[PDB]
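Peer 1: Could you have a look at this structure, given as structure tokens, before my questions?
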There are 4 protein chains.
Amino acid sequence: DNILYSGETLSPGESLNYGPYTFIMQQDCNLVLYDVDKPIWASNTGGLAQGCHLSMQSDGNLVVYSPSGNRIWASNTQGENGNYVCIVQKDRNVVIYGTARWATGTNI
Amino acid sequence: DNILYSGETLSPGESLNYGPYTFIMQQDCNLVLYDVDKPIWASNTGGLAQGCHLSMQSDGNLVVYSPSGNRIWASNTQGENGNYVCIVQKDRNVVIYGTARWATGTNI
Amino acid sequence: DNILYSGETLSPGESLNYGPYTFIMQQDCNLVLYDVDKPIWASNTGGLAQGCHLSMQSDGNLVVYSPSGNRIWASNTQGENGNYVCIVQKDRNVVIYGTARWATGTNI
Amino acid sequence: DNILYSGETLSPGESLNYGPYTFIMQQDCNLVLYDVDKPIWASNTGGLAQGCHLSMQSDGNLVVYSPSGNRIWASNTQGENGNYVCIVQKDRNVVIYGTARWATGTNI
Ligand SMILES: OC[C@H]1O[C@@H](O)[C@@H](O)[C@@H](O)[C@@H]1O
Ligand SMILES: OC[C@H]1O[C@@H](O)[C@@H](O)[C@@H](O)[C@@H]1O
Ligand SMILES: OC[C@H]1O[C@@H](O)[C@@H](O)[C@@H](O)[C@@H]1O
Ligand SMILES: OC[C@H]1O[C@@H](O)[C@@H](O)[C@@H](O)[C@@H]1O
């Protein structure tokens with residue numbers, strides 16, 4: 001609910017949430033962080049397309065894609081292939097972390 | 001509740017939780033991942049001391065310390081100084097990620 | 001979280017949250033349910049005072065109080081004395097339930 | 001999550017969770033509240049059947065049913081037809097509340 005894992009996408013209208021904080025891939029292709037109803041950060045890509053999705057990729061890049069498979073905005077954080085996370089944190093920061101350094105190996 | 005940030009500690013009896021998954025720093029100094037009442041992973045340090053704390057450090061090492069400030073168990077993942085997270089994931093894996101590659105910079 | 005128990009208050013600026021839904025006791029004494037940035041319900045008491053708190057009472061009434069201990073808005077649901085909950089639900093309804101009909105009695 | 005709404009069921013192996021607290025409809029038809037790995041309350045119906053479901057009914061009764069549609073255990077809280085909730089609370093109590101006294105009417 002507040003974590004996007006590498007290999008997952010937010011569809012249009014979908015969000016990560018922590019308390020009053022919402023990080024949403026809007027239908028107007030703007031990527032916005034709201035504190036209640038106040039925009040605090042945006043990709044500033046509102047109106048460049050419709051029906052965009054947000055991908056957290058295996059190369060560590062967070063990308064807004066238009067439905068033509070066309071890059072609209074990116075974090076520009078391509079690097080090592082592996083596992084990454086994008087988190088809406090309790091401190092209201094949105095952060096990409098990776099690669100994975102250690103695991104219990106208890107996945108299902 | 002399912003994330004430990006670098007610079008934070010779990011005190012004795014404290015846990016990270018996702019649904020039926022509990023990752024707990026026990027009073028007997030064992031670090032255990034439970035699926036409901038079933039231990040699925042442990043540090044196997046039960047009885048080596050009392051009143052241990054778990055630290056997620058800035059160097060990326062997850063360490064169980066005894067109250068004498070003495071290292072009892074570690075992930076052995078020291079590297080670059082920065083920001084890391086330890087997550088109890090929805091897939092029941094416990095994972096350390098870092099360093100931070102990008103942020104909105106919207107922290108309070 | 002998404003539950004206010006009878007005997008608790010939301011202070012000014014505090015909220016109940018479920019995913020993109022935020023139920024906030026605003027600084028301007030308006031009680032508002034937001035879906036992301038869109039107000040979908042309000043007490044319509046914005047500007048009648050400053051520094052109001054929301055109280056879920058053991059008589060089952062949800063009341064906005066001004067700092068003079070003065071009733072500004074209420075659900076008008078006074079009844080049996082007991083335990084009640086106010087919930088921001090997954091279906092985006094905000095509901096008062098009570099009284100308590102049964103419990104395990106496993107409270108701390 | 002930590003709420004079961006009237007009209008919903010927990011299937012075998014499914015749980016309500018708050019932090020280290022797990023309320024599970026087990027495969028062995030026992031209904032158990034665990035604090036980490038410690039059972040603190042049970043229906044004591046382990047082994048009376050297999051593949052039971054827990055149902056929070058609109059008559060306010062919480063019932064364990066066997067797959068033959070047969071009552072195995074109940075809270076015995078039948079009353080007014082309406083909307084009820086069963087909650088695993090932050091205080092580690094499991095409580096049934098209802099009926100609904102008030103709502104915003106903002107459901108989807
Ligand atoms: O090695 C760690 C990785 O293991 C995978 O199976 C998943 O659980 C990933 O989320 C995780 O990053
Ligand atoms: O640069 C990213 C870092 O910024 C800090 O202020 C915190 O929000 C950290 O959790 C985060 O890793
Ligand atoms: O008996 C039910 C009541 O028990 C109390 O001690 C608390 O746990 C209340 O939240 C609950 O409604
Ligand atoms: O009127 C109250 C009821 O409204 C219904 O439509 C649902 O949202 C129920 O969960 C709720 O109890």
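Going through the structure tokens in order, the chains are called A, B, and so on, while each chain numbers its residues from 1 and the ligands are numbered from 1 in the order shown.
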Produce a table with one row for each residue of chain B that has an atom at most 7 Å from any atom of ligand 1, each row naming the nearest atom pair and its distance in Å at one decimal; use only C-alpha atoms and all ligand atoms; arrange rows by chain and rising residue number; format as CSV.

Peer 2:
```
residue,atom,partner,partner_atom_place_in_ligand_line,distance
B:91,CA,ligand 1,8 (O),6.1
B:93,CA,ligand 1,8 (O),5.1
B:95,CA,ligand 1,2 (C),5.9
```

Peer 1: Store the residues picked out above, limited to N, CA and C atoms, as a PDB file, in the first residue's frame.

Peer 2:
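Contents of result-v3.pdb, freshly written:
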```
ATOM      1  N   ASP B  91       5.336 -10.633   0.327  1.00  0.00           N
ATOM      2  CA  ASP B  91       5.645 -11.988  -0.182  1.00  0.00           C
ATOM      3  C   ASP B  91       6.324 -12.817   0.933  1.00  0.00           C
ATOM      4  N   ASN B  93       9.129 -12.381   2.472  1.00  0.00           N
ATOM      5  CA  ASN B  93      10.601 -12.209   2.502  1.00  0.00           C
ATOM      6  C   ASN B  93      10.938 -10.999   3.385  1.00  0.00           C
ATOM      7  N   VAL B  95      13.938  -8.259   3.669  1.00  0.00           N
ATOM      8  CA  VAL B  95      14.986  -7.826   2.707  1.00  0.00           C
ATOM      9  C   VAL B  95      15.592  -6.514   3.166  1.00  0.00           C
TER      10      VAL B  95
END
```

Peer 1: Go ahead and align chain B to chain A (same sequence, so just pair every C-alpha in order, least squares) and export the moved chain as an mmCIF file with N, CA and C atoms, in the first residue's frame.

Peer 2:
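Output file part.cif follows:
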```cif
data_model
loop_
_atom_site.group_PDB
_atom_site.id
_atom_site.type_symbol
_atom_site.label_atom_id
_atom_site.label_comp_id
_atom_site.auth_asym_id
_atom_site.auth_seq_id
_atom_site.Cartn_x
_atom_site.Cartn_y
_atom_site.Cartn_z
ATOM 1 N N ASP B 1 0.871 -1.222 0.000
ATOM 2 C CA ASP B 1 0.000 0.000 0.000
ATOM 3 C C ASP B 1 0.894 1.254 0.000
ATOM 4 N N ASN B 2 2.065 1.259 0.667
ATOM 5 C CA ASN B 2 3.048 2.378 0.581
ATOM 6 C C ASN B 2 4.361 1.959 -0.113
ATOM 7 N N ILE B 3 4.423 0.761 -0.684
ATOM 8 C CA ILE B 3 5.624 0.229 -1.382
ATOM 9 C C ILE B 3 5.224 -0.215 -2.790
ATOM 10 N N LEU B 4 5.983 0.201 -3.793
ATOM 11 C CA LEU B 4 5.953 -0.356 -5.158
ATOM 12 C C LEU B 4 7.249 -1.146 -5.362
ATOM 13 N N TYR B 5 7.141 -2.428 -5.641
ATOM 14 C CA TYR B 5 8.301 -3.319 -5.852
ATOM 15 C C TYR B 5 8.700 -3.255 -7.322
ATOM 16 N N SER B 6 9.983 -3.435 -7.608
ATOM 17 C CA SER B 6 10.469 -3.564 -8.998
ATOM 18 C C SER B 6 9.686 -4.691 -9.687
ATOM 19 N N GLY B 7 9.229 -4.443 -10.924
ATOM 20 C CA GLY B 7 8.402 -5.369 -11.709
ATOM 21 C C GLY B 7 6.914 -5.064 -11.573
ATOM 22 N N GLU B 8 6.514 -4.143 -10.696
ATOM 23 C CA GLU B 8 5.085 -3.739 -10.518
ATOM 24 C C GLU B 8 4.857 -2.394 -11.196
ATOM 25 N N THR B 9 3.607 -2.114 -11.511
ATOM 26 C CA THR B 9 3.152 -0.841 -12.108
ATOM 27 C C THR B 9 1.943 -0.346 -11.331
ATOM 28 N N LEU B 10 1.823 0.975 -11.182
ATOM 29 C CA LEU B 10 0.559 1.667 -10.830
ATOM 30 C C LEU B 10 -0.176 1.993 -12.123
ATOM 31 N N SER B 11 -1.397 1.499 -12.278
ATOM 32 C CA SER B 11 -2.327 1.854 -13.374
ATOM 33 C C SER B 11 -2.885 3.249 -13.148
ATOM 34 N N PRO B 12 -3.518 3.859 -14.165
ATOM 35 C CA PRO B 12 -4.111 5.180 -14.012
ATOM 36 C C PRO B 12 -5.158 5.196 -12.886
ATOM 37 N N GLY B 13 -5.090 6.191 -11.995
ATOM 38 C CA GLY B 13 -5.962 6.336 -10.818
ATOM 39 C C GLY B 13 -5.437 5.611 -9.583
ATOM 40 N N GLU B 14 -4.427 4.734 -9.708
ATOM 41 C CA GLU B 14 -3.884 3.947 -8.567
ATOM 42 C C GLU B 14 -2.832 4.778 -7.837
ATOM 43 N N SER B 15 -2.622 4.480 -6.555
ATOM 44 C CA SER B 15 -1.796 5.287 -5.632
ATOM 45 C C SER B 15 -1.057 4.398 -4.639
ATOM 46 N N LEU B 16 0.050 4.906 -4.125
ATOM 47 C CA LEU B 16 0.648 4.480 -2.852
ATOM 48 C C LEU B 16 0.174 5.458 -1.799
ATOM 49 N N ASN B 17 -0.008 4.968 -0.579
ATOM 50 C CA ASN B 17 -0.610 5.754 0.511
ATOM 51 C C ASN B 17 0.118 5.442 1.808
ATOM 52 N N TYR B 18 0.426 6.483 2.583
ATOM 53 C CA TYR B 18 0.771 6.363 4.018
ATOM 54 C C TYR B 18 0.047 7.470 4.765
ATOM 55 N N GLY B 19 -0.830 7.125 5.695
ATOM 56 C CA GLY B 19 -1.646 8.117 6.408
ATOM 57 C C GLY B 19 -2.257 9.129 5.428
ATOM 58 N N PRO B 20 -2.105 10.456 5.657
ATOM 59 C CA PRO B 20 -2.736 11.459 4.799
ATOM 60 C C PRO B 20 -1.966 11.689 3.488
ATOM 61 N N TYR B 21 -0.876 10.941 3.258
ATOM 62 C CA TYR B 21 -0.013 11.082 2.052
ATOM 63 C C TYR B 21 -0.465 10.117 0.955
ATOM 64 N N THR B 22 -0.643 10.658 -0.242
ATOM 65 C CA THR B 22 -1.055 9.914 -1.452
ATOM 66 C C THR B 22 -0.116 10.266 -2.615
ATOM 67 N N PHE B 23 0.514 9.249 -3.198
ATOM 68 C CA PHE B 23 1.365 9.342 -4.411
ATOM 69 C C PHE B 23 0.596 8.666 -5.548
ATOM 70 N N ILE B 24 0.066 9.451 -6.488
ATOM 71 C CA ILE B 24 -0.933 8.937 -7.471
ATOM 72 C C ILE B 24 -0.456 9.156 -8.916
ATOM 73 N N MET B 25 -0.605 8.118 -9.737
ATOM 74 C CA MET B 25 -0.498 8.170 -11.207
ATOM 75 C C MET B 25 -1.849 8.633 -11.757
ATOM 76 N N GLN B 26 -2.038 9.941 -11.960
ATOM 77 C CA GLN B 26 -3.352 10.506 -12.358
ATOM 78 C C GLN B 26 -3.692 10.147 -13.805
ATOM 79 N N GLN B 27 -4.977 10.201 -14.132
ATOM 80 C CA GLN B 27 -5.515 9.890 -15.480
ATOM 81 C C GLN B 27 -4.982 10.926 -16.487
ATOM 82 N N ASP B 28 -4.623 12.134 -16.031
ATOM 83 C CA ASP B 28 -4.078 13.218 -16.898
ATOM 84 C C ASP B 28 -2.545 13.066 -17.110
ATOM 85 N N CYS B 29 -1.940 11.960 -16.641
ATOM 86 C CA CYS B 29 -0.504 11.562 -16.777
ATOM 87 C C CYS B 29 0.407 12.410 -15.877
ATOM 88 N N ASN B 30 -0.157 13.149 -14.930
ATOM 89 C CA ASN B 30 0.649 13.824 -13.891
ATOM 90 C C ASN B 30 0.878 12.841 -12.759
ATOM 91 N N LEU B 31 2.116 12.749 -12.274
ATOM 92 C CA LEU B 31 2.478 11.951 -11.065
ATOM 93 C C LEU B 31 2.600 12.923 -9.887
ATOM 94 N N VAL B 32 1.730 12.810 -8.885
ATOM 95 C CA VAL B 32 1.582 13.852 -7.826
ATOM 96 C C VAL B 32 1.631 13.208 -6.436
ATOM 97 N N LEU B 33 2.333 13.869 -5.513
ATOM 98 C CA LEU B 33 2.344 13.574 -4.074
ATOM 99 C C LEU B 33 1.447 14.609 -3.404
ATOM 100 N N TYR B 34 0.357 14.175 -2.797
ATOM 101 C CA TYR B 34 -0.569 15.036 -2.022
ATOM 102 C C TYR B 34 -0.363 14.797 -0.529
ATOM 103 N N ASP B 35 -0.266 15.880 0.245
ATOM 104 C CA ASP B 35 -0.495 15.921 1.705
ATOM 105 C C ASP B 35 -1.937 16.402 1.921
ATOM 106 N N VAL B 36 -2.845 15.477 2.228
ATOM 107 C CA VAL B 36 -4.327 15.670 2.212
ATOM 108 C C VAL B 36 -4.715 16.160 0.807
ATOM 109 N N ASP B 37 -5.109 17.427 0.628
ATOM 110 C CA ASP B 37 -5.519 17.953 -0.707
ATOM 111 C C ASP B 37 -4.438 18.866 -1.313
ATOM 112 N N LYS B 38 -3.258 18.962 -0.703
ATOM 113 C CA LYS B 38 -2.210 19.915 -1.145
ATOM 114 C C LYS B 38 -1.157 19.164 -1.964
ATOM 115 N N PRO B 39 -0.941 19.540 -3.243
ATOM 116 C CA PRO B 39 0.156 18.970 -4.021
ATOM 117 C C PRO B 39 1.481 19.507 -3.467
ATOM 118 N N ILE B 40 2.399 18.616 -3.147
ATOM 119 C CA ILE B 40 3.693 18.938 -2.490
ATOM 120 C C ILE B 40 4.840 18.697 -3.479
ATOM 121 N N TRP B 41 4.622 17.835 -4.480
ATOM 122 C CA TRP B 41 5.591 17.472 -5.543
ATOM 123 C C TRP B 41 4.809 16.957 -6.748
ATOM 124 N N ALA B 42 5.270 17.231 -7.966
ATOM 125 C CA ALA B 42 4.650 16.684 -9.195
ATOM 126 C C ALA B 42 5.714 16.494 -10.265
ATOM 127 N N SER B 43 5.497 15.538 -11.178
ATOM 128 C CA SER B 43 6.312 15.335 -12.402
ATOM 129 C C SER B 43 6.081 16.504 -13.386
ATOM 130 N N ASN B 44 4.969 17.232 -13.243
ATOM 131 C CA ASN B 44 4.585 18.371 -14.118
ATOM 132 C C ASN B 44 4.395 17.878 -15.554
ATOM 133 N N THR B 45 3.725 16.741 -15.718
ATOM 134 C CA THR B 45 3.446 16.094 -17.026
ATOM 135 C C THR B 45 1.933 15.995 -17.229
ATOM 136 N N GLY B 46 1.151 16.761 -16.472
ATOM 137 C CA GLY B 46 -0.314 16.810 -16.637
ATOM 138 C C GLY B 46 -0.684 17.279 -18.038
ATOM 139 N N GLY B 47 -1.450 16.486 -18.791
ATOM 140 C CA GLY B 47 -2.001 16.880 -20.097
ATOM 141 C C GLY B 47 -1.131 16.423 -21.257
ATOM 142 N N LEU B 48 0.016 15.787 -21.013
ATOM 143 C CA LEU B 48 0.920 15.354 -22.116
ATOM 144 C C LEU B 48 0.367 14.078 -22.750
ATOM 145 N N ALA B 49 -0.539 13.383 -22.062
ATOM 146 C CA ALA B 49 -1.183 12.141 -22.552
ATOM 147 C C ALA B 49 -2.309 11.730 -21.593
ATOM 148 N N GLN B 50 -2.948 10.592 -21.869
ATOM 149 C CA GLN B 50 -4.049 10.008 -21.058
ATOM 150 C C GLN B 50 -3.736 8.527 -20.810
ATOM 151 N N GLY B 51 -4.107 7.996 -19.639
ATOM 152 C CA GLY B 51 -3.999 6.553 -19.351
ATOM 153 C C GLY B 51 -2.555 6.107 -19.194
ATOM 154 N N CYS B 52 -1.728 6.911 -18.529
ATOM 155 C CA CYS B 52 -0.308 6.582 -18.260
ATOM 156 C C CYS B 52 -0.247 5.543 -17.134
ATOM 157 N N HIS B 53 0.815 4.749 -17.092
ATOM 158 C CA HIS B 53 1.147 3.855 -15.956
ATOM 159 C C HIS B 53 2.537 4.213 -15.439
ATOM 160 N N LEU B 54 2.759 4.007 -14.150
ATOM 161 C CA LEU B 54 4.068 4.134 -13.473
ATOM 162 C C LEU B 54 4.681 2.736 -13.296
ATOM 163 N N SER B 55 5.902 2.519 -13.789
ATOM 164 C CA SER B 55 6.684 1.262 -13.625
ATOM 165 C C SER B 55 7.895 1.541 -12.739
ATOM 166 N N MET B 56 8.070 0.745 -11.685
ATOM 167 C CA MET B 56 9.350 0.601 -10.950
ATOM 168 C C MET B 56 10.120 -0.554 -11.602
ATOM 169 N N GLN B 57 11.193 -0.247 -12.343
ATOM 170 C CA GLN B 57 11.861 -1.240 -13.213
ATOM 171 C C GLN B 57 12.992 -1.934 -12.450
ATOM 172 N N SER B 58 13.401 -3.086 -12.968
ATOM 173 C CA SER B 58 14.531 -3.928 -12.497
ATOM 174 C C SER B 58 15.874 -3.216 -12.641
ATOM 175 N N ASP B 59 15.947 -2.172 -13.459
ATOM 176 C CA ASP B 59 17.206 -1.404 -13.661
ATOM 177 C C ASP B 59 17.225 -0.208 -12.696
ATOM 178 N N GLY B 60 16.217 -0.061 -11.842
ATOM 179 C CA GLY B 60 16.194 0.974 -10.785
ATOM 180 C C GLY B 60 15.582 2.298 -11.236
ATOM 181 N N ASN B 61 15.104 2.375 -12.479
ATOM 182 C CA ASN B 61 14.453 3.584 -13.055
ATOM 183 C C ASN B 61 12.945 3.546 -12.766
ATOM 184 N N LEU B 62 12.406 4.629 -12.223
ATOM 185 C CA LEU B 62 10.947 4.853 -12.059
ATOM 186 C C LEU B 62 10.482 5.699 -13.254
ATOM 187 N N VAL B 63 9.631 5.135 -14.114
ATOM 188 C CA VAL B 63 9.233 5.698 -15.432
ATOM 189 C C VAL B 63 7.703 5.835 -15.499
ATOM 190 N N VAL B 64 7.218 6.999 -15.931
ATOM 191 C CA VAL B 64 5.823 7.208 -16.422
ATOM 192 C C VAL B 64 5.797 6.915 -17.922
ATOM 193 N N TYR B 65 5.036 5.907 -18.319
ATOM 194 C CA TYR B 65 4.815 5.506 -19.729
ATOM 195 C C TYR B 65 3.415 5.942 -20.177
ATOM 196 N N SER B 66 3.319 6.515 -21.378
ATOM 197 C CA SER B 66 2.051 6.717 -22.121
ATOM 198 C C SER B 66 1.644 5.400 -22.777
ATOM 199 N N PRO B 67 0.353 5.202 -23.137
ATOM 200 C CA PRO B 67 -0.106 3.924 -23.680
ATOM 201 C C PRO B 67 0.570 3.477 -24.990
ATOM 202 N N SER B 68 1.309 4.355 -25.681
ATOM 203 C CA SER B 68 2.106 3.991 -26.894
ATOM 204 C C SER B 68 3.453 3.331 -26.495
ATOM 205 N N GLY B 69 3.629 2.974 -25.208
ATOM 206 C CA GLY B 69 4.883 2.428 -24.631
ATOM 207 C C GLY B 69 6.009 3.463 -24.618
ATOM 208 N N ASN B 70 5.648 4.765 -24.567
ATOM 209 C CA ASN B 70 6.526 5.956 -24.776
ATOM 210 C C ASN B 70 6.848 6.608 -23.409
ATOM 211 N N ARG B 71 8.142 6.797 -23.113
ATOM 212 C CA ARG B 71 8.624 7.392 -21.842
ATOM 213 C C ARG B 71 8.225 8.868 -21.775
ATOM 214 N N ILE B 72 7.520 9.261 -20.712
ATOM 215 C CA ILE B 72 6.978 10.634 -20.484
ATOM 216 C C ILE B 72 7.830 11.349 -19.420
ATOM 217 N N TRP B 73 8.246 10.630 -18.383
ATOM 218 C CA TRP B 73 9.073 11.156 -17.270
ATOM 219 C C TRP B 73 9.845 9.973 -16.686
ATOM 220 N N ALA B 74 11.031 10.215 -16.127
ATOM 221 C CA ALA B 74 11.808 9.191 -15.402
ATOM 222 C C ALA B 74 12.621 9.827 -14.286
ATOM 223 N N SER B 75 12.919 9.040 -13.256
ATOM 224 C CA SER B 75 13.849 9.413 -12.155
ATOM 225 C C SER B 75 15.297 9.516 -12.697
ATOM 226 N N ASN B 76 15.613 8.859 -13.824
ATOM 227 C CA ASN B 76 16.959 8.795 -14.464
ATOM 228 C C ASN B 76 17.938 8.053 -13.545
ATOM 229 N N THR B 77 17.513 6.932 -12.955
ATOM 230 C CA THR B 77 18.284 6.157 -11.947
ATOM 231 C C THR B 77 18.516 4.740 -12.467
ATOM 232 N N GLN B 78 18.723 4.561 -13.775
ATOM 233 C CA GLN B 78 19.158 3.258 -14.345
ATOM 234 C C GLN B 78 20.509 2.922 -13.751
ATOM 235 N N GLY B 79 20.677 1.683 -13.328
ATOM 236 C CA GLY B 79 21.973 1.134 -12.929
ATOM 237 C C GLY B 79 21.938 -0.371 -12.963
ATOM 238 N N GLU B 80 22.525 -0.991 -11.946
ATOM 239 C CA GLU B 80 22.601 -2.460 -11.766
ATOM 240 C C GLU B 80 21.197 -3.050 -11.911
ATOM 241 N N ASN B 81 21.072 -4.109 -12.686
ATOM 242 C CA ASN B 81 19.864 -4.952 -12.730
ATOM 243 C C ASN B 81 19.702 -5.680 -11.379
ATOM 244 N N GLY B 82 18.500 -5.642 -10.809
ATOM 245 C CA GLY B 82 18.167 -6.416 -9.606
ATOM 246 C C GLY B 82 16.833 -6.003 -9.059
ATOM 247 N N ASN B 83 16.726 -5.965 -7.741
ATOM 248 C CA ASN B 83 15.462 -5.674 -7.031
ATOM 249 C C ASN B 83 15.580 -4.316 -6.382
ATOM 250 N N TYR B 84 14.542 -3.495 -6.543
ATOM 251 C CA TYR B 84 14.443 -2.125 -6.007
ATOM 252 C C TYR B 84 13.076 -1.959 -5.365
ATOM 253 N N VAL B 85 12.923 -0.936 -4.531
ATOM 254 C CA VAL B 85 11.610 -0.517 -3.980
ATOM 255 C C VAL B 85 11.511 0.988 -4.090
ATOM 256 N N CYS B 86 10.305 1.448 -4.364
ATOM 257 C CA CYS B 86 9.865 2.848 -4.236
ATOM 258 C C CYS B 86 8.894 2.952 -3.055
ATOM 259 N N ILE B 87 9.207 3.776 -2.049
ATOM 260 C CA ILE B 87 8.448 3.837 -0.778
ATOM 261 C C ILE B 87 7.918 5.253 -0.588
ATOM 262 N N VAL B 88 6.621 5.386 -0.269
ATOM 263 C CA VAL B 88 6.061 6.589 0.410
ATOM 264 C C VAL B 88 6.288 6.377 1.895
ATOM 265 N N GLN B 89 7.251 7.106 2.450
ATOM 266 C CA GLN B 89 7.760 6.890 3.821
ATOM 267 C C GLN B 89 6.869 7.635 4.819
ATOM 268 N N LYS B 90 7.005 7.291 6.099
ATOM 269 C CA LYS B 90 6.260 7.922 7.202
ATOM 270 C C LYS B 90 6.682 9.378 7.331
ATOM 271 N N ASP B 91 7.879 9.721 6.881
ATOM 272 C CA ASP B 91 8.414 11.096 7.000
ATOM 273 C C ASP B 91 7.977 11.930 5.775
ATOM 274 N N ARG B 92 7.140 11.375 4.887
ATOM 275 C CA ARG B 92 6.507 12.061 3.714
ATOM 276 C C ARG B 92 7.494 12.199 2.547
ATOM 277 N N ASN B 93 8.649 11.575 2.636
ATOM 278 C CA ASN B 93 9.588 11.458 1.496
ATOM 279 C C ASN B 93 9.183 10.247 0.644
ATOM 280 N N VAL B 94 9.354 10.358 -0.662
ATOM 281 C CA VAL B 94 9.206 9.218 -1.597
ATOM 282 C C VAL B 94 10.598 8.865 -2.077
ATOM 283 N N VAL B 95 11.022 7.619 -1.867
ATOM 284 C CA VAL B 95 12.449 7.245 -2.045
ATOM 285 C C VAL B 95 12.545 5.948 -2.826
ATOM 286 N N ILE B 96 13.498 5.867 -3.738
ATOM 287 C CA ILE B 96 13.876 4.581 -4.392
ATOM 288 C C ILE B 96 15.114 4.033 -3.675
ATOM 289 N N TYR B 97 15.056 2.779 -3.240
ATOM 290 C CA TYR B 97 16.186 2.040 -2.636
ATOM 291 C C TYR B 97 16.490 0.808 -3.473
ATOM 292 N N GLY B 98 17.772 0.510 -3.623
ATOM 293 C CA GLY B 98 18.246 -0.792 -4.130
ATOM 294 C C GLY B 98 19.741 -0.714 -4.391
ATOM 295 N N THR B 99 20.383 -1.836 -4.657
ATOM 296 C CA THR B 99 19.770 -3.121 -4.910
ATOM 297 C C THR B 99 19.494 -3.820 -3.551
ATOM 298 N N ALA B 100 18.911 -5.012 -3.549
ATOM 299 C CA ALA B 100 18.758 -5.868 -2.344
ATOM 300 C C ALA B 100 20.138 -6.345 -1.922
ATOM 301 N N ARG B 101 20.500 -6.213 -0.646
ATOM 302 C CA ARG B 101 21.851 -6.577 -0.126
ATOM 303 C C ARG B 101 21.786 -7.906 0.628
ATOM 304 N N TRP B 102 20.615 -8.277 1.146
ATOM 305 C CA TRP B 102 20.438 -9.482 2.004
ATOM 306 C C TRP B 102 18.949 -9.805 2.125
ATOM 307 N N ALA B 103 18.622 -11.089 2.273
ATOM 308 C CA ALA B 103 17.237 -11.561 2.482
ATOM 309 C C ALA B 103 17.237 -12.834 3.325
ATOM 310 N N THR B 104 16.151 -13.070 4.061
ATOM 311 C CA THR B 104 15.879 -14.333 4.781
ATOM 312 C C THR B 104 15.646 -15.451 3.765
ATOM 313 N N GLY B 105 15.129 -15.142 2.581
ATOM 314 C CA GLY B 105 14.826 -16.173 1.565
ATOM 315 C C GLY B 105 13.585 -16.960 1.940
ATOM 316 N N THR B 106 12.592 -16.301 2.545
ATOM 317 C CA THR B 106 11.371 -16.929 3.101
ATOM 318 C C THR B 106 10.153 -16.550 2.242
ATOM 319 N N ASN B 107 10.377 -16.054 1.016
ATOM 320 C CA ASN B 107 9.319 -15.729 0.018
ATOM 321 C C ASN B 107 8.481 -16.991 -0.279
ATOM 322 N N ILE B 108 7.221 -16.812 -0.704
ATOM 323 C CA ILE B 108 6.228 -17.908 -0.972
ATOM 324 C C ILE B 108 6.060 -18.102 -2.488
#
```

Peer 1: Give me every strand (DSSP E or B) residue in chain A, going by DSSP on the backbone, as a ChimeraX atom specification.

Peer 2: /A:3-5,9-10,15-18,21-25,31-35,38-42,53-56,62-66,70-74,84-88,94-98,100-103
